[PDB]
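One chain comes next, on its own, written as structure tokens: the form deposited in one PDB entry.
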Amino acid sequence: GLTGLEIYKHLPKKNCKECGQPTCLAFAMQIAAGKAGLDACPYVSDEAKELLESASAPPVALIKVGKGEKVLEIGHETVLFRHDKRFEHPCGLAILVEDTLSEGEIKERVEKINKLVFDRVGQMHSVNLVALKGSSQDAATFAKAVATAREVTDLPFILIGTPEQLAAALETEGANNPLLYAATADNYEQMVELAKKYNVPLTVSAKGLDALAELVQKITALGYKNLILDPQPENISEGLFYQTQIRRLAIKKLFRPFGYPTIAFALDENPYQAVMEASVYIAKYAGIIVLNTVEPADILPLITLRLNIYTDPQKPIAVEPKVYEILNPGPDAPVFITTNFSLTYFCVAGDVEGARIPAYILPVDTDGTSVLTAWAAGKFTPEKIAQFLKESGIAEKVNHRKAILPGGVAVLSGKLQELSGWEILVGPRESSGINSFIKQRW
């Protein structure tokens, strides 16, 4: 962030006003406050532009859509590979809703969209946006469609429609900070004025890298930096190419026209094909992915992939290693030994409660590692597990002396029984077998 003075030293110094400003020094001041871009001055040398533009700054702008509890933030990514350093902001997921639908249908579909939320590893993860599309090609219909949708959800919106449709819908929706779609070569002056008027983020849309960059430069020239990029791929081969280049050029070349997060559409009517294209876009660089499906089974896999890809490997995922009680167990209920990797704990807790089995679960502290990982690492020992049985207090919670091992660690049972003084049962390898084990053997 350089002051107008700093950025003026490299200017043409013509004071020709062609950038809209009265003087070079006052043009620089407009850009310093983000009121104009360098592309507004036609005469600035390419050397000076590089010096100024290559000045320190985040390669990809952080863009916010929506406000309050439901705000989406994306951008501020610095790397091409998560092992270089983590991915910072999980991509938004959006579900398309068309305004050719009846008011009733619109509400019922947005209601279903509100339900795409899922427990993964004991945390809730959900779709972030509703993309309302002006397919009716009528301003009044679109505006009533958006108002109607907003009655049934707190999720931020992407508004897809002509400048006329968008202006009508913004009357009500402009205060909810929606993303507008889109400025094109035909409409951009009108779309930018509308964006500034409501202070909302604006998608820039053009075909291929060349046309997208030239369009972004005309728009930043008018002083609008709150931006999402759409290169318009015809298929997932073009999309991967475009996404790779946009991310590479922003980060590796400091190419500022590409210095924003992207939107990507996987709308395919074949759900397997839609889910696979979206998956490619999650893994490679998409800021927002728009889909056509409300089916939980189509969204669950994408939620999960997003979660995984955007996890920071540096963080252990662990639960407090204590006795947990499931469905208010009595002194007679089974005691299941497991580890404190959160994934493992919630898998087991999920199968036990799912089978409606009151029980105790004992997540031994492995530093958040899985059963066989901790075993191979020397972190799930007979000695360790024996200590948990003795000092956790489980001994006072149950009348019996029996505890049940994961089937995959069965080789531990003998030594554990000798150290702990508990009768050790070997359960199934998979927790999915617990229900049947309990029924038959307990």
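Sequential numbering from 1, following the sequence displayed.
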Of 234-242 and 123-131, which one has the bigger average CA B-factor?
123-131
Going by the mean C-alpha B-factor recorded in the entry, which is higher: 337-345 or 302-310?
337-345
Within-chain third of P156 by Cα B-factor, per the entry:
lowest
Check where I282 lands among this chain's C-alpha B-factors and tell me if it's the lowest, middle or highest third.
lowest
By its CA B factor, does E103 count among the lowest, middle or highest third of the modelled residues in the chain?
highest
Of the three thirds of Cα B-factor ranks in this chain, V319 occupies the middle
Using the B-factors in the PDB entry, rank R247's C-alpha atom against the chain and give the third, lowest, middle or highest.
lowest
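There is also a form deposited in another entry; it is not shown, and the following applies to it.
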Treating the motion between this form and the one not shown as two rigid bodies, with each C-alpha assigned to whichever superposition fits it better, do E164 and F341 fall in the same part?
no
